[PDB]
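A quick write-up on the structure given underneath.
Read-outs: derived from the displayed coordinates by stated rules, not from any lab. Here the Cβ positions follow ideal geometry from the backbone for every residue, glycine too, while neighbour counts run over all protein chains shown.
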Amino acid sequence: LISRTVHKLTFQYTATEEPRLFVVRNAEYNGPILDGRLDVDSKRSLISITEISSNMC
Amino acid sequence: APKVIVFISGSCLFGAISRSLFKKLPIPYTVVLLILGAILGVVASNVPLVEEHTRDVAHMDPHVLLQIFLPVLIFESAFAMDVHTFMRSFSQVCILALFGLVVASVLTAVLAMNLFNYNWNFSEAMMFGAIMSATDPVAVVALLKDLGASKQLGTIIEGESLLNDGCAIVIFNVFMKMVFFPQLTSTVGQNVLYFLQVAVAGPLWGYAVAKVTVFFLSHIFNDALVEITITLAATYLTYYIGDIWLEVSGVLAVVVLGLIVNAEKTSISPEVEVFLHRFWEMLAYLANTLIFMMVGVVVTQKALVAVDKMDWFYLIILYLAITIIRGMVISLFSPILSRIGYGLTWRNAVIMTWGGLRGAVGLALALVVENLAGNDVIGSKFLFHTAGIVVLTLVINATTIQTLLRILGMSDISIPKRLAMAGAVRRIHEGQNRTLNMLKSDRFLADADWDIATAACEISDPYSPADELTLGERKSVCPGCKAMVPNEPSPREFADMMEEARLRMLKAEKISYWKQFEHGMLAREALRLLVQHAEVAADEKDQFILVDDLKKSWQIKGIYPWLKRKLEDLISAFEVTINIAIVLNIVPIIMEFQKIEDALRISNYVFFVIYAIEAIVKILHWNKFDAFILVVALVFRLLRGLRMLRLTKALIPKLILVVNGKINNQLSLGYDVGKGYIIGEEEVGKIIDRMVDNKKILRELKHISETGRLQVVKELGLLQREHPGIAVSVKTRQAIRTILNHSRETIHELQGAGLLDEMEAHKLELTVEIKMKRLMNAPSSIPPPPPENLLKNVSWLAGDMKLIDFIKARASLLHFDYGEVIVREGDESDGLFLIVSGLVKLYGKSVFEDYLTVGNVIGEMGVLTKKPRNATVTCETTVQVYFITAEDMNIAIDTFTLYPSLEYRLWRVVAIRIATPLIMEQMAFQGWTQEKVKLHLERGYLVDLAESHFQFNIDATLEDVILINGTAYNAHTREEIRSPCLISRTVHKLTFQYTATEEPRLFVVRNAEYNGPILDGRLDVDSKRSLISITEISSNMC
Amino acid sequence: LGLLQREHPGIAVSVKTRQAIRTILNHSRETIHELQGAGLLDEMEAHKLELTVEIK
Amino acid sequence: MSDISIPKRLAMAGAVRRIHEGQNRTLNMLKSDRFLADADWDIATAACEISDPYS
Amino acid sequence: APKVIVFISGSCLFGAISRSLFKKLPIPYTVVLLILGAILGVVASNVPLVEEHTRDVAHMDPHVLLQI
Amino acid sequence: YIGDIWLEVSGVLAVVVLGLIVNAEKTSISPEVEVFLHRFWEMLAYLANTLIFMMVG
């Protein structure tokens, strides 16, 4: 487990190693924004949001 | 063998089958219960055993039917009501229910007399109209609750139904006593006294029993059964005593009792509140089931032998006329109802007209007409027409009220609610995908049938022309990150950006208010008011949530401050003995109102020992009144005057306690609404940099938010200055509630960690629940502390008696009147200023503007850093301050140097105050409230940088490192940091330069703590062998 | 436990599917609670979704 | 049979100590709030006191 | 007028008072309920209105007592 | 009622067995209904004890 003391990792690329690194990124931003786009379909009952974005203008 | 058990339990089982089998069908379960009752009735008419069962049950006495079933229905209808929304629109509900009920009963009486072939007089026709005008919508209230908007219409319909049922039973009882049981004659004075008795002493008797019940419930801790028993016994005793022992309308008494107990729900423990809601719903369900079954049995046994084709025709015309009459009533009251703040639209009027569902109250009154008419046909016609209009209203109005809400447009799901539900469903789906990918790689659950697991775990979204055009306009409004094309704004798209930013700010404010309520900071009603103001402000053109509409929450103005000051002007063990003597002499007043009444109670206990020897010779204007009472006693009415004067001079301070309680209840809501607004604006200003990207819009929204924040802070400070003691009481209530809520969270986090098992955690949670209930019954006006108690309760000063003594020795209480300037912006730091009275204004060019109040200390950073001042302080009221000079603070710093030093405590207070915006800026995106940040920062400690050679190594045990003052160098001197800043993950080692006039300060928080499963310790038995207690809780041993 | 699965295979698959579905629904319940605490979902909509997971 | 066992006594004492340090942290936070600074803190400290049930 | 409501609700209120007033005392609330019932019984033997109430309630059928 | 009246069955043992089985199959009830049912039957037994002791006195 690469600790807090390490700041930058420089991997050597060679044969028979090809190193693998697994990272987890700080939960997520549960955006209070949450803008989206619906589209009405046939019979006007399946109106459903498609593009849940939460990052817009 | 009681056959009532077989009928009651069979009705319960048939209602269970009816509810279960007809979930999908739109026909309600009450009409199919009525059909099953009719089948049981004809089976009873054929088979004699079912005749025995239904004969001894369904052919009930009328009085016992009302006295058992009506209090349950009326109390559940009052207890399910949202009392605050009911009272906000009490005017419309009252005028609609009362006046619409009396004119609908009159019109139904006139229609019955002029249309029905029977020779009914006006009294029996008014009985018929009273039964027909009683409405019980429950399905319509449920449909209007779940279908989003028109939230107020459900409360309007439910309150109108409750008052309609109560007043319908009142006019029914009046005309039943006109027709059936007496037919006596009385004068107009007795008639107006009887009307006054019913229509006034109903609610007053209900109020008296409700206040006694609420007082009894407030002082009951740690037994739910006593509380449920008290509620049930209070309801039944109120109805029985009012209707039987007095001539009081007991229905109005149970209405008032239910509304008051629903208002004072905080006097009940919350688990008992949840139980009481489900319990009264269950009792009303059983009452409705029994009434509908009995009505079906008696309709097909006794009421269906006089029905003809003309009766069926009259039933159809009666249903049409009742709907037309109710619609015309709502239409004619539409101007008066529209003149009030929630004016009815035509859509709400149509829903109110078509939601007039008849029910169990009208069925019960028809049943008592049937059983009181005897062998006459009038009861048969009453019961047949009531059951017919109940069946017709249930079928037609339930199905068409669903279709009519769909057609009129009130059942549409709003676009923001659709977006929120879609985001929740997407989060649920990605969480389930993560859980599935975890569970497929487990060493135990690898061979599970995953098709069935994926099929069973599928949380679908419940919500699946103008709308598409509007949504297309919104996505044309926001290109942002998905478009990824730069451009420049235009004067139409600038207004579009401003409007969308306003909507985003209001949505984030609503999210902040719900975060405050969910973490136990807001009350419920403050949350409702704040989200209502945000939703109202989202509907107008360009307004935000204003301050002027929020002022009405904390407008304490009314009759109550005037009563408070007048009774306090009137106020300003021997008295207990005299009050006990007057209370003991209260009973001979009732005796004199036989040995001539035992010599008139021995001359009224010899004039109450000659007024207790003239109050012990006036203890060797109130005393003038006592002397006048004694002189009148020396010269029965004298005793009455003496007793009433003693009662007045005893009951005045209880009246000021009631006035203090009412001002406290309004002031608590005002403080909660204001604090919710302040916390919401602070949170939305922490998250406005990500949302609003245009800088002009950012500056305008920040300016509006800061003006609102400053106005609310100033109003709350002046509000504290208006009523000081009640302000101290509400602040102490909120402080105790915060401490106990966080203790509850600590018990829950110990229960989740397994360190405390469920029984011991339940004991400790029982202790904190008892403490919350005792906090509810607090004094409403804690007297305000002197300046000395404020000075002893400063955070740094508070720990040590010696430092308290030194600072109190070298304090200086200074007084500044209105408009004076306490300190300038650019002058030197000459000392602290602890505000002990009043409100100040911190104008400063940091433009930093703030209002400080009682308890805040000004100049701590100034007297530590030896820096020129930041902001000038001008008084906004008369301000009393404690001026601890800089020389006194410096010699107190040089004097007190223990392990908690004065320097360490002062720098810790200012370090928390300067580290809260940094952690809130860098970590608002992880959903952290300000209170959680303050609590997480309060676990920290400053580092003695003089100890470790002025170089500091950030190892993995440190969570957040904030440099508070001075400059620092980082790692292999890569750069320099010279500000208040949150030292990030990239920095590994801090090397501080030690020089003059900086002396840098660093605040660190260390990685929660190891909650040791070890937990070894040592006890020691003491004298009497009862105080055996653990001393050395170690959790780190061999 | 491996030999116990080998004794009765189908009942082992049923109890594993029960525990898997229960784990997924418990974590969905925790996700609804963490959306309710974050304010993104109000109390009525969260009560609807919790009603769905309770029915499941 | 009514004696409280030693491990249960230790667990309850640890829970009470965690409660007390949490209340001290909450008090030090609440004394430095811009709204609740003038509360009567003697009453708050008296009302919030989760004593150990097993002494 | 069903007097069973007055007896049932009075018993509920007296049990509430008995539970509330005797939390600290080791004597249970059932025996003090029995003492209050004895006081109500001699009051009923003297006063005829309480005789009417307790007579139509407490002199119950045996079968309905068991079956309820 | 059916056991004691319509048959000659000891209905007390029937209610004992019914209560023990419903207590065993508590997972067939929803948990909020389980909490309600516990407090509800405690309340009904409290009212029954109170009424029996008052009547006996």
Practice task
Specify the residue that is surrounded by the fewest Cβ atoms within 10 Å (Cβ to Cβ); the eligible residues are those in region D:46-55 that are within 7 Å of another protein chain (Cβ to nearest Cβ) and within 9 Å of the chain's Cα centre (by Cα).
Solution key: D:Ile50
Exercise for the section: Could you name every one of the strands (runs of 3 or more DSSP E) located completely within region B:944-1038 that has at least 1 residues being under 27 Å from B:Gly754 (Cα atoms)? Expected result: B:1001-1005
Exercise for the section: Of all residues in region B:897-936, count the ones that are touching a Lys or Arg at 6+ places or on another chain (Cβ under 7 Å) and farther than 19 Å from B:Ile983 by Cα. Expected result: 2
Handout entry: Unmet requirement for B:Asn222, which otherwise passes all of (1) within 23 Å of the chain's Cα centre (by Cα); (2) on the phi < 0 side of the Ramachandran plot
Key = (2)
Exercise for the section: Hey, could you check region E:57-68 for residues that are assigned to a helix (DSSP H, G or I) and out of contact with any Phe, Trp or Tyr (no Cβ under 8 Å at 6 or more places or on another chain) and say which is nearest to F:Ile5 (Cα to Cα)? Expected result: E:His63
Exercise for the section: Filter region B:922-958 down to the residues that are under 36 Å from the mean Cα position of the chain (by Cα) and charged (D, E, K, R), then identify the one that is surrounded by the most Cβ atoms within 10 Å (Cβ to Cβ). Expected result: B:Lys934
Fill in the blank from the handout: The residue that is surrounded by the fewest Cβ atoms within 10 Å (Cβ to Cβ), considering only those in region B:769-782 that are farther than 21 Å from B:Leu719 by Cβ and within 7 Å of another protein chain (Cβ to nearest Cβ), is B:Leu775
Exercise for the section: Could you check B:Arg733 against (1) facing chain D (nearest Cβ under 10 Å); (2) more than 22 Å from the chain's Cα centre (by Cα); (3) assigned to a helix (DSSP H, G or I) and say which number it fails? Expected result: (2)
Problem - Answer from A:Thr10, A:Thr5 - the residue that is facing another protein chain (nearest Cβ under 7 Å), of a type in the set (S, T, N, Q) and surrounded by fewer than 16 Cβ atoms within 10 Å (Cβ to Cβ) - result: A:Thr5
Problem - Candidate set: region A:23-45, residues that are surrounded by 13 or more Cβ atoms within 10 Å (Cβ to Cβ) and under 30 Å from B:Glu959 (Cα atoms); chosen: the one farthest from the other protein chains (Cβ to nearest Cβ) - result: A:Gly31
Handout entry: helices (runs of 4 or more DSSP H) completely within region B:442-531 that count 2 or more residues being at the interface with chain A (Cβ under 8 Å from one of its Cβ atoms)
Key = B:466-477, B:480-483, B:491-518
Exercise for the section: Name every residue in region B:920-957 that is within 12 Å of chain A (Cβ to nearest Cβ) and more than 30 Å from B:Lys866 (Cα to Cα), in order of residue number. Expected result: B:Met923, B:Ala924, B:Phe925, B:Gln926, B:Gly927, B:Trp928, B:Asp955, B:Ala956, B:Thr957
Problem - Whichever residue in region B:746-762 is in a helix (DSSP H, G or I) and surrounded by 15 or more Cβ atoms within 10 Å (Cβ to Cβ) and, among such residues, is farthest from the other protein chains (Cβ to nearest Cβ) - result: B:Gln751
Handout entry: B:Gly717 touching a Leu at 6+ places or on another chain (Cβ under 7 Å), under 25 Å from B:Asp549 (Cβ atoms) and at the interface with chain D (Cβ under 10 Å from one of its Cβ atoms)
Key = yes
Problem - Candidate set: region C:4-41, residues that are among the β-branched types (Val, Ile, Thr) and within 13 Å of the chain's Cα centre (by Cα); chosen: the one farthest from B:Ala420 (Cα to Cα) - result: C:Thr17
Completion exercise
Residues of region B:89-122 being polar (S, T, N, Q), under 20 Å from B:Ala168 (Cβ atoms) and not in a helix (DSSP H, G or I), in sequence order, are B:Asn121
Exercise for the section: For B:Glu788, indicate whether it is over 18 Å from the mean Cα position of the chain (by Cα), at the interface with another protein chain (Cβ under 9 Å from one of its Cβ atoms) and of a type in the set (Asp, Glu). Expected result: no
Exercise for the section: Check region B:984-991 and report whether any residue there is more than 14 Å from chain A (Cβ to nearest Cβ), within 22 Å of B:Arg908 (Cβ to Cβ) and not charged (D, E, K, R). Expected result: no
Exercise for the section: Please verify whether region B:226-238 includes one or more residues that are over 23 Å from B:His63 (Cα atoms), within 13 Å of chain E (Cβ to nearest Cβ) and touching a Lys or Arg at 6+ places or on another chain (Cβ under 6 Å). Expected result: yes
Fill in the blank from the handout: Matching residues in region B:244-287 (outside any helix (DSSP H, G or I) and either in contact with an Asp or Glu (Cβ under 9 Å, 6 or more places away or on another chain) or within 14 Å of chain E (Cβ to nearest Cβ) (or both)) number 5
Completion exercise
Selection from region B:139-191 of residues assigned to a helix (DSSP H, G or I) and of a type in the set (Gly, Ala, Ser) yields B:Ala139, B:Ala142, B:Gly154, B:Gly159, B:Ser161, B:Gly166, B:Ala168, B:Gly189
Practice task
Answer yes if at least one residue in region B:798-809 is surrounded by 16 or more Cβ atoms within 10 Å (Cβ to Cβ), away from chain D (no Cβ under 14 Å) and more than 24 Å from D:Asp33 (Cβ to Cβ), and no otherwise.
Solution key: yes
